[PDB]
$ cat upload12.pdb   # PDB, C-alpha atoms
ATOM      1  CA  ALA X  89      -8.714  -7.843 -16.831
ATOM      2  CA  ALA X  90      -7.812  -6.212 -13.504
ATOM      3  CA  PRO X  91      -4.410  -4.550 -13.097
ATOM      4  CA  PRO X  92      -1.988  -7.334 -14.083
ATOM      5  CA  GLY X  93       0.595  -5.676 -11.764
ATOM      6  CA  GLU X  94      -1.557  -6.478  -8.665
ATOM      7  CA  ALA X  95       1.487  -8.147  -7.037
ATOM      8  CA  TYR X  96       3.318  -4.854  -6.358
ATOM      9  CA  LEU X  97       0.058  -3.077  -5.485
ATOM     10  CA  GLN X  98      -0.939  -5.968  -3.172
ATOM     11  CA  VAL X  99       2.266  -5.449  -1.113
ATOM     12  CA  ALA X 100       1.425  -1.741  -0.639
ATOM     13  CA  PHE X 101      -2.252  -2.615   0.002
ATOM     14  CA  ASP X 102      -0.961  -4.894   2.793
ATOM     15  CA  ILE X 103       1.107  -2.464   4.902
ATOM     16  CA  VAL X 104      -1.389   0.330   4.281
ATOM     17  CA  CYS X 105      -4.435  -1.903   5.039
ATOM     18  CA  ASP X 106      -3.144  -2.874   8.477
ATOM     19  CA  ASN X 107      -2.273   0.821   9.028
ATOM     20  CA  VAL X 108      -5.229   2.980   7.878
ATOM     21  CA  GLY X 109      -7.427  -0.081   7.025
ATOM     22  CA  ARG X 110     -10.663   1.797   8.035
ATOM     23  CA  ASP X 111      -9.811   4.721   5.682
ATOM     24  CA  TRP X 112     -10.276   2.434   2.626
ATOM     25  CA  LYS X 113     -14.008   2.253   3.436
ATOM     26  CA  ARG X 114     -13.896   6.075   3.520
ATOM     27  CA  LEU X 115     -12.109   6.108   0.125
ATOM     28  CA  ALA X 116     -14.405   3.335  -1.186
ATOM     29  CA  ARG X 117     -17.467   5.586  -0.803
ATOM     30  CA  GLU X 118     -15.488   8.364  -2.549
ATOM     31  CA  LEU X 119     -14.589   5.920  -5.354
ATOM     32  CA  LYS X 120     -18.315   4.958  -5.633
ATOM     33  CA  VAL X 121     -17.651   1.238  -5.077
ATOM     34  CA  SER X 122     -20.583  -1.212  -5.482
ATOM     35  CA  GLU X 123     -23.064  -0.275  -2.734
ATOM     36  CA  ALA X 124     -24.206  -3.921  -2.704
ATOM     37  CA  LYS X 125     -20.656  -5.123  -1.882
ATOM     38  CA  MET X 126     -20.321  -2.673   1.040
ATOM     39  CA  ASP X 127     -23.740  -3.829   2.331
ATOM     40  CA  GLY X 128     -22.494  -7.444   2.619
ATOM     41  CA  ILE X 129     -18.914  -6.761   3.806
ATOM     42  CA  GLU X 130     -20.017  -4.144   6.407
ATOM     43  CA  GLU X 131     -22.985  -6.209   7.693
ATOM     44  CA  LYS X 132     -21.068  -9.527   7.615
ATOM     45  CA  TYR X 133     -17.860  -8.046   9.098
ATOM     46  CA  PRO X 134     -18.565  -5.718  12.040
ATOM     47  CA  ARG X 135     -14.884  -5.370  13.105
ATOM     48  CA  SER X 136     -12.596  -7.072  10.522
ATOM     49  CA  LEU X 137     -10.311  -4.483   8.946
ATOM     50  CA  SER X 138      -9.102  -7.032   6.376
ATOM     51  CA  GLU X 139     -12.601  -8.314   5.421
ATOM     52  CA  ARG X 140     -14.210  -4.891   4.758
ATOM     53  CA  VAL X 141     -11.300  -3.179   2.928
ATOM     54  CA  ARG X 142     -10.390  -6.173   0.673
ATOM     55  CA  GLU X 143     -13.746  -6.307  -1.194
ATOM     56  CA  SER X 144     -13.962  -2.496  -1.506
ATOM     57  CA  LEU X 145     -10.249  -2.330  -2.434
ATOM     58  CA  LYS X 146     -10.656  -5.163  -4.985
ATOM     59  CA  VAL X 147     -13.266  -3.333  -7.118
ATOM     60  CA  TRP X 148     -11.364  -0.002  -6.895
ATOM     61  CA  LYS X 149      -8.104  -1.746  -7.958
ATOM     62  CA  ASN X 150      -9.796  -3.305 -11.046
ATOM     63  CA  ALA X 151     -11.209   0.057 -12.251
ATOM     64  CA  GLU X 152      -7.836   1.795 -11.625
ATOM     65  CA  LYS X 153      -6.028  -0.078 -14.472
ATOM     66  CA  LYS X 154      -2.959   2.274 -14.876
ATOM     67  CA  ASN X 155      -3.883   3.891 -11.541
ATOM     68  CA  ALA X 156      -3.504   0.418  -9.927
ATOM     69  CA  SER X 157       0.079   1.476  -9.092
ATOM     70  CA  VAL X 158       0.935   3.023  -5.733
ATOM     71  CA  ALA X 159       1.760   6.374  -7.439
ATOM     72  CA  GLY X 160      -1.980   6.498  -8.113
ATOM     73  CA  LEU X 161      -3.275   5.775  -4.593
ATOM     74  CA  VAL X 162      -0.285   7.381  -2.733
ATOM     75  CA  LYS X 163      -0.765  10.607  -4.685
ATOM     76  CA  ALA X 164      -4.515  10.687  -3.936
ATOM     77  CA  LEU X 165      -4.483   9.399  -0.316
ATOM     78  CA  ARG X 166      -1.670  11.710   0.952
ATOM     79  CA  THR X 167      -2.886  14.845  -0.895
ATOM     80  CA  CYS X 168      -6.309  14.552   0.751
ATOM     81  CA  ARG X 169      -5.325  13.406   4.309
ATOM     82  CA  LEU X 170      -3.997   9.791   4.442
ATOM     83  CA  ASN X 171      -0.398  10.847   5.224
ATOM     84  CA  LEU X 172      -0.173   7.605   7.266
ATOM     85  CA  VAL X 173      -0.203   5.135   4.337
ATOM     86  CA  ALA X 174       1.817   7.590   2.213
ATOM     87  CA  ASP X 175       4.702   7.291   4.694
ATOM     88  CA  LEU X 176       4.388   3.466   4.527
ATOM     89  CA  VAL X 177       4.573   3.038   0.739
ATOM     90  CA  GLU X 178       7.095   5.916   0.647
ATOM     91  CA  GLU X 179       9.729   4.323   2.943
ATOM     92  CA  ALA X 180       9.073   0.972   1.222
ATOM     93  CA  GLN X 181      10.126   2.393  -2.185
ATOM     94  CA  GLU X 182      13.176   4.194  -0.601
ATOM     95  CA  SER X 183      13.534   6.449  -3.704
TER      96      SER X 183
END
$ encode --input "upload12.pdb" --output "structure tokens"
Amino acid sequence: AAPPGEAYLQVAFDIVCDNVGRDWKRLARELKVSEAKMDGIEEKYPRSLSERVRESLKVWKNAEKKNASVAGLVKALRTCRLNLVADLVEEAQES
């Protein structure tokens, strides 16, 4: 059901998570992720970058479908302000 190509996206979600990890919560609110999920992850995890972003990133990744590829998130994150993760996925792809 979710993006079957989660393997490639998961690699990008890994370098970017440990880099701008807190900015996914910022993007999660923009993506209108389940408010209930944020309530549990935020309250349960007061300082875990991995714990808060993973749940919020999981729901966003499922709704992305074709946008589950980096071209989707890298285009959006860098155009707005997340140049940090853009540089990460960028050098990873070499191009």
$ closest_residue --input "upload12.pdb" --among "X:155, X:144, X:107, X:150" --to "residue 90 of chain X" --atoms "only C-alpha atoms"
X:150
$ resolve_selection --input "upload12.pdb" --expression "the PyMOL selection byres ((chain X and resi 167-181) around 8)" --output "ChimeraX atom specification"
/X:100,103-104,107-108,111,158,162-166,182-183
$ write_last_selection --input "upload12.pdb" --atoms "C-alpha atoms" --output "mmCIF file, in the frame of the given file"
data_model
loop_
_atom_site.group_PDB
_atom_site.id
_atom_site.type_symbol
_atom_site.label_atom_id
_atom_site.label_comp_id
_atom_site.auth_asym_id
_atom_site.auth_seq_id
_atom_site.Cartn_x
_atom_site.Cartn_y
_atom_site.Cartn_z
ATOM 1 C CA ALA X 100 1.425 -1.741 -0.639
ATOM 2 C CA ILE X 103 1.107 -2.464 4.902
ATOM 3 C CA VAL X 104 -1.389 0.330 4.281
ATOM 4 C CA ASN X 107 -2.273 0.821 9.028
ATOM 5 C CA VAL X 108 -5.229 2.980 7.878
ATOM 6 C CA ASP X 111 -9.811 4.721 5.682
ATOM 7 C CA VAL X 158 0.935 3.023 -5.733
ATOM 8 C CA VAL X 162 -0.285 7.381 -2.733
ATOM 9 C CA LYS X 163 -0.765 10.607 -4.685
ATOM 10 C CA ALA X 164 -4.515 10.687 -3.936
ATOM 11 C CA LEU X 165 -4.483 9.399 -0.316
ATOM 12 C CA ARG X 166 -1.670 11.710 0.952
ATOM 13 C CA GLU X 182 13.176 4.194 -0.601
ATOM 14 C CA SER X 183 13.534 6.449 -3.704
#
$ resolve_selection --input "upload12.pdb" --expression "the PyMOL selection byres ((chain X and resi 122-125) around 8)" --output "PyMOL selection string"
chain X and resi 120-121+126-129+143-144+147
$ residues_around --input "upload12.pdb" --residues "residue 139 of chain X" --least-positions-apart "5" --cutoff "9 Å" --atoms "all atoms listed in the file" --output "JSON, numbers by chain"
{"X": [129, 130, 132, 133]}
$ axis_aligned_box --input "upload12.pdb" --around "segment 131-146 of chain X" --padding-each-side "5 Å" --output "AutoDock Vina command-line options"
--center_x -16.0 --center_y -5.9 --center_z 4.1 --size_x 23.9 --size_y 17.2 --size_z 28.1
$ resolve_selection --input "upload12.pdb" --expression "the PyMOL selection byres ((chain X and resi 97) around 10)" --output "PyMOL selection string"
chain X and resi 91-96+98-102+149+156-159+161+177
$ atom_distance --input "upload12.pdb" --atom1 "atom CA of residue 146 of chain X" --atom2 "atom CA of residue 106 of chain X"
15.6 Å
$ atom_distance --input "upload12.pdb" --atom1 "atom CA of residue 131 of chain X" --atom2 "atom CA of residue 160 of chain X"
29.2 Å
$ atom_distance --input "upload12.pdb" --atom1 "atom CA of residue 152 of chain X" --atom2 "atom CA of residue 119 of chain X"
10.1 Å
